[PDB]
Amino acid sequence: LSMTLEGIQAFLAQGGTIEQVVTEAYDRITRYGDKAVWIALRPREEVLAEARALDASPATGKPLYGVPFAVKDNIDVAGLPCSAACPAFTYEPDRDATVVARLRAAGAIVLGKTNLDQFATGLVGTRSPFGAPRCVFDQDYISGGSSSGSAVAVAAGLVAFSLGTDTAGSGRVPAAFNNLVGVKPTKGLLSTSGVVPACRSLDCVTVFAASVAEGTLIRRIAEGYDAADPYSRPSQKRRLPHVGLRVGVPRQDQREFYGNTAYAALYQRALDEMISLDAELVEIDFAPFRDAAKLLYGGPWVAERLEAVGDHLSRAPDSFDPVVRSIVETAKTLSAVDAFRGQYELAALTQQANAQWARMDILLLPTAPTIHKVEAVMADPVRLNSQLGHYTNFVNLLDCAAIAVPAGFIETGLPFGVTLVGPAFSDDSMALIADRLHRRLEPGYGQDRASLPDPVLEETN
């Protein structure tokens, strides 16, 4: 059994059952040796019962017929608790989050709730009372976060896809550290109703998948206007060129890796391989994107998180992970004046970014500048985390779409990923470009660099 959309469809087609798919997933879950992946797992027998019921129904109109998935524990799934990795926060949602409801109606099956950095605050994966999920290539290394368990579960073949959320960059960072495709839809496309807020105005539901095509199908299914969510936006499609594509990259002197020379080398290598794609590389000034990024935690947007968990925080700050607690407690000193100043700075930076967008169709970045051992992060938990947001943190502030794809491996055996960044609503066009890049650079996914499921994406157009 290949745990991908294609693998499962194929296994079912050749006489296999959903019940067997679930059995195998559970077998894999039981043998996987990372104690931090899951916060709350369904009992196998109840999932088997759901498997059977579905087995006995038509596959018609269910594009995700019998497909197991994991859901990050800041996203509501009826019948399981939801905690945002904060035991004191724990509640029992009556209803599936909207995106979950849509995926399940397409026939997908929830296996359990995956671990995360608490209140989706962190890019490391280590800020959880449940322990730190680990890089699937080396247990000494961070899985990345905050969608830590979701990425690990897919890369380890436990489920075919997973949901996370992305605010600072969590749709992308743990995809890179675990050799996955991370689809980060334009904000507002997928409902955040039934999702615990982090930065409410910025939060996106995000997809971890084995390929761009599979991630894209999952995204489209989950996508849809939802008036319950104040930030929901109806879909638009903005097209990007294919013939004549211009790919922006930062200036040489803007390529920061915080000492990681292997990562620097692999980024350059990606650029080297790209001359055989039908694309032109354009050096752009990355500064306005870089400075916009800093506003997320270095500016007043952190106050959004304080809004989200402020009741629990004042009630009992000791209930909080100590690093997250400290970050959100500091936000308390920001005024409305600070918030508007941040907005003014963002508006100006947006002007400057727009001038750079005039030069390129899409931006190509290291997903992260480096990767860290868990032990290194525990010793230096704020600073080393912030490094990981160097290239990610402007994306939702500047209303962009993004896709993280595998770009290769350094010699010590750790993955290196890159991220494509495009303007709002360019999600479909980006999917095509990303698929092409992925299949050019590092055409496999997950812990075994496994064969990518078909189909490859083709020009519509």
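Numbers for residues come from their place in the sequence shown, where the first is 1.
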- When the C-alpha temperature factors are averaged for each of 50 to 58 and 416 to 424, which stretch ends up with the higher value in the entry? 50 to 58
- Report the stretch with the higher mean CA temperature factor, choosing between 40 to 48 and 397 to 405 on the basis of the entry. 40 to 48
- Could you say which of 214, 166, 311, 140 has its CA atom at the highest B factor, as listed in the PDB entry? 311
- Could you say which of 124, 120, 327, 181 has its CA atom at the highest B factor, as listed in the PDB entry? 327
- If you rank the chain by CA B-factor, which third does residue 432 end up in: lowest, middle or highest? highest
- Relative C-alpha B-factor of residue 95, binned into the chain's lowest, middle or highest third: highest
- Item | residue 29 - which third its CA temperature factor falls in, relative to the rest of the chain | middle
- Message: Taking only the Cα B-factors deposited for this chain, tell me whether residue 258 sits in the lowest, middle or highest third.
- Response: highest
- Just say lowest, middle or highest third for the CA B-factor of residue 161 relative to the other modelled residues in its chain. lowest
